[PDB]
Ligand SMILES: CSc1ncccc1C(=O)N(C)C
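Just one chain follows, in the form deposited without the named molecule, and it is written as structure tokens.
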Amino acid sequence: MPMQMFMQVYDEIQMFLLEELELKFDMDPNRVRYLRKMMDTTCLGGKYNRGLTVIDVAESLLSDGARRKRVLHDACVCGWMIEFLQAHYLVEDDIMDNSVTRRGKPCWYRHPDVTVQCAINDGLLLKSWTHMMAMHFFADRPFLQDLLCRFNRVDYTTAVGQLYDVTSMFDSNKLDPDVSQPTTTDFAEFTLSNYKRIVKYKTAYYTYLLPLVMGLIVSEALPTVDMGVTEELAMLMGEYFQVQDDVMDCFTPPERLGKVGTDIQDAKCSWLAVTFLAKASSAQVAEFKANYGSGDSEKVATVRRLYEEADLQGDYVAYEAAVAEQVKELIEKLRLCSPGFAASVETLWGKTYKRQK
């Protein structure tokens, strides 16, 4: 049912946007249908976990069935703002990471009749829609300002996190626009501390904290919860969530994930990379620096192998257990003064813990 009306509001939004493009932007049918396909390919195709969470939080907190419908509808729009925001990130992300597949299908910039230059712009259009839809529905809403302040900061912090992610192969001390530099060879920068910063900003905020806050805002209950504990949980579940993505990027079959990993080729500072270098032996670390950050398959195979050889799946489990009980503890601290919020928060966790996706 949540998923039912979630798709109903999607159609509203798609109608409003595309129609306006024809009525107020002098757009021709061919281009109007192109945006439809671009929208559907990039926004539909996922499990909508960020969007659906907003509804759950809103519903779980609204405790005259109009107030219920008001909060419900708004929660769905706020739901699609993040889904569209995620749609925006992934389009640009796939481009930057030179990815091939996304959600079982080719990445947007990989579509035969979608140019890279146009893909970039579509990615921007996606971001502009979040604002366009919000302004259309929340027009006369007391929280409109607060909603967008927090929405944009999260977007901003996520872009910053992508700065950290995109520039982790480079010795930050040799980071100067006017002078080039190649992939690091010592990987001194590949530290858990540098990994944690990357993940906290590029993933955590928009994937866990944002969905929670928007649901709290439409529910007019933000001041009721302990924003501090809530923040601690969002960062914790966020990191964990990203650590999973990193392992799945290397071990989960492309068809089960719906995308072909590029971390090894892109010499990304993944969790698997910083955890390996931290425990591996002289020879292991050497064979790594010699085969990492390359497209060659025997070079790629080597890095995959070396990961297994080093048994990272065991470090993972210990990490997962650490988080699992750290999350449980925080939720109990939250459950004390806000049981309604506590429940919705645990559902988000349960959707994360040991996911295969």
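Note that the rigid core is defined as the largest set of C-alphas that superpose within 1.5 Å between two forms. Numbers for residues come from their place in the sequence shown, where the first is 1.
The form deposited with the named molecule bound is left out here; the points below concern that form.
If you superimpose the site C-alphas and bring the named molecule over from its pose in the entry with it bound, none of its atoms is within 2.4 angstroms of a backbone or C-beta atom of this form, and that means open. Using a 4.5 Å cut-off to the named molecule in the entry with it bound, each of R50, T53 and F241 places a heavy atom inside that distance. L348 belongs to the set of residues with a heavy atom inside 4.5 Å of the named molecule in the entry with it bound. The stretch from 137 to 145, 68 to 76, 277 to 285, 204 to 212 that comes within 4.5 Å of the named molecule in the entry with it bound, counting heavy atoms only, is 204 to 212.
Comparing C-alpha positions between the shown form and the other one after a rigid core fit, one residue in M132, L144, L257, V160 moves 2 angstroms or more. It is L257.
Once the cores line up, the CA of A301 ends up 2 angstroms or more apart between the shown form and the other one.
Core-superposed comparison between the shown form and the other one: the C-alpha position of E287 differs by no less than 2 Å.
Core-superposed comparison between the shown form and the other one: the CA of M248 exceeds or equals a 2 Å shift.
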